[PDB]
Structures are given as C-alpha cells and as structure tokens.
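Here are two versions of the same chain, shown separately as structure tokens and labelled structure 1 and structure 2.
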Structure 1
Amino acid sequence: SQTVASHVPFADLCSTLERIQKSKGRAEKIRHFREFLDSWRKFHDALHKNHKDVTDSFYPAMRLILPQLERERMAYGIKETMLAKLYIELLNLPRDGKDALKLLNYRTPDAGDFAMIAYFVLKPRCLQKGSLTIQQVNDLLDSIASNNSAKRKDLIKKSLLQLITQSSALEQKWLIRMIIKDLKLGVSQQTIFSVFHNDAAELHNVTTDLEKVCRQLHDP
C-alpha cells in the first residue's frame, strides 16, 4: 500500500504493549519498545525490497502509544458505562449477572482499570484472533471521533462494534485503553520520546565528509 501501518498488524502493537506492561524495571520495557521500532524499520525495508516505496512515519503507532497527545482526532465521546452496556448485550450476558455486573459497578482504583476487567471477561469466549492492521484501527477510531463530532451515538456504537467484532480479547483490552487514553505501561511519555530519539540517533551513523565538515566549521 502507501504506509507501513497498512501492513503492520494491530496484534503486533498490542503484543509489544502487553510485554511492556508485564515487564518490571525500565530496561525490559525499553527493550521491548526498541524491539517494536526495529520491527517497524524491518517492515519498511521488506516493503521497499518488494517495490513498495512507503512512508516510514511512526506516527500511526505513536498516536496509539501516546493517546493523550491525540490532536488530529477529536474526543471519542466514549465512557466506561457505554462500554459496559455495549459489552453487556454483544455477549448475551445476564443483566445483573456474576460477570455482567462487574462492568457496571466499576470504580477507578495500580492496574485494575476497566480494560483489565473487560479482558478478564473476554478471555473465556471471544473471536478468531485479530485481523486489522494499525491503519484500519486508526480509520475506525477516526470514524468514532467524527461520528462523535456529528453527535451520532448510534454511529459511534456502530464503528466501535466494527472494531470489537474484528479484534481478539487482548486487542480489545488495549483498544479500550487507547480510547480512555491511558495505557498504564509503567513507563513515562518522556522516556518513550527519549528511547525513540536515542534509537534514531544511535542508528543514524553520521558519516564524516571532511569537505562538508570544513564548510561547517568555517561558517556559523
């Protein structure tokens, strides 16, 4: 296609995020993040060797890794009780049942947020793994934000059901955390920006062109 995100599955991103969250100590989290960056550039190179000159922008992934910096999309207009009802009819669970109740009676506490509970409910029964790329997830989230800007809760529910019915339980966990806009990764935004930049700079391999260096040192 046109971009790397159109070929990277959303399951790769969700897997990376799950490893980061489950990792203790910054070294392992950072190492998984660098694993994901290296996989990204790897996809870029494979696509170029298959004669597909694609952008190498990481923004389609970074906007999901840092949802609270999301400014291209507007507010999703989704709160956790909507997700409770949604998940409470899609599932065919008994209203005020054992599992079903937990979603309604939820209180924001470490890592005991709504997404964790929804994942605990979805792991027993759910769909055929995942099938959407990062670009398709970004398109569906774009549709949710747009429909919210047009004041159409019905269409919000529509597009989000499109998201859910094509995603595995894990993918739904991290999707929920991306709509609520806090991932609880155990590592800071400052650190993510730092590892991103330091990765680029470490791999830049600046080449000393002595003539260009002379022209640089001779003129401010």
Structure 2
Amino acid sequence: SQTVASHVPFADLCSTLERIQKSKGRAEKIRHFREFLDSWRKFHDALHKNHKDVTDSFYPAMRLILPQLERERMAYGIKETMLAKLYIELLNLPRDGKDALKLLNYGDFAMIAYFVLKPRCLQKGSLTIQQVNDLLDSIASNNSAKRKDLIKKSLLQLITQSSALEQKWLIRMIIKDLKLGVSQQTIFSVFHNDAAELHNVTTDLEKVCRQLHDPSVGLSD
C-alpha cells in the first residue's frame, strides 16, 4: 500500500532537475540524476524491507522526468496563455504592471513564471511527489470530463502550495518539455541497461520502471 513517492518532496525532484538543466556537460547531468535515482532505490529497499508482492517503483518520478512519454494520464488541456491569466488573477497583478506584461507578452514560459514568482511569498514547498501526481491526475480527468472549473481548482492547489522552482518545473512537466540537455536514451541507459529496449517494445513507462527496478537483473531474467 505504501509508496516511495509519498515520502519524497517534489522539491527534491525539482532541485535535481534544476541542477541537471544547469550542468554544462553530459557526465555532470548524469551524475545529478544518478544520485536521485540511487537514493530512491536505497529508500525503496528500506521502506519495502519485509514486503511481499511490491508493485512500487520509480515510475512516479520517471513519468515526470520523461513527461513526453506519459501515456496513463490523458491530455491536461493547459495552455501557457491560460497559465498567464491564472497567475495574473491569483497574484493580483495589475495588467499595466511589469510582471503582468511579461506573462501576457509571452527562456520558455516556465522561466518567465519563475522570475515572477521568485521574489514572492512562499519560498519552501510542501507537496510530495505522490501528491503532485494525484493532482496532475485530477487535472487530466477533469479535462476529459470537460470540467474547466475543477481544473482551475486543482491547478490552484498545485501552484499555491509550491515554491517558484517547483512551479517552474511543474509547468514544464505539464507542457511536456523539460529542456534538460540529456536525451531520453541517456536517461533510460542510466536507469537500466535494458530500459530503452523494454520501452521500445512496450511503450509502457510504468512497466519498464517496475520490471527493470533492479539494475543487476536484466530482461533475460
């Protein structure tokens, strides 16, 4: 019943992505990712120590790290132009104001929002990776259900309880373009030797994460 994702602050995922994006070289980008992956695997073993048929895996993080491969969640229905409006309303921005204009007259959108949010209010987030996923789930469902009001509420929960850095990264997760500077093939290859292969055949991110959870146990076993 318990999940590693329920114990990991979204902020630690985001600070990892930030250091990855910020690294110049491939080796450094890999090192930041590997560190988070390795901790996740150590914690998984401590958490699920004496448990039976465990289905928990790295999927709740991996689906945020490779969001373009997201298949379980339907489309979010979220455009950068409407996030702009959501922030102007939420932050009580005057539309003649400098921050409002930056958002309206839209180095992606995530970065603009980031510069706007950085000097403001909340500096430390509270959400776990699981809670972020549960909320992205509501957003996707409510897009299918054609409930734009419930989408705004869920998004508002995600945004208001998160730091600027988390919001930058959340935005990129929703748009499905992290701009990390490391390929999907590289990410898969750090995770597991066989992961790129398994994903080719299954097109199934959760299956890959769960079946190849143990780096020393290959597809052939």
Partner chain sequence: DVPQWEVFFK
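What we label the rigid core is the largest C-alpha set whose atoms superpose within 1.5 Å from one form to the other. Each residue is numbered by where it sits in the sequence of structure 1, with counting from 1.
Between the two isolated copies of the chain, the second is the form solved in complex with its partner chain. With the rigid core aligned between the two structures, only one of 52, 184, 158, 34 has a CA shift of 2 Å or more: 52.
After superposing the rigid core, the Cα of residue 197 is displaced by less than 2 Å between the two structures. Residue 212 is among the residues whose C-alpha shifts by 2 Å or more between the two structures once the rigid core is aligned.
Once the two forms are overlaid on the core, residue 128 shows a Cα shift of 4.7 Å between the two structures. In the core-aligned comparison between the two structures, the Cα atom of residue 98 sits 1.3 Å away from its counterpart.
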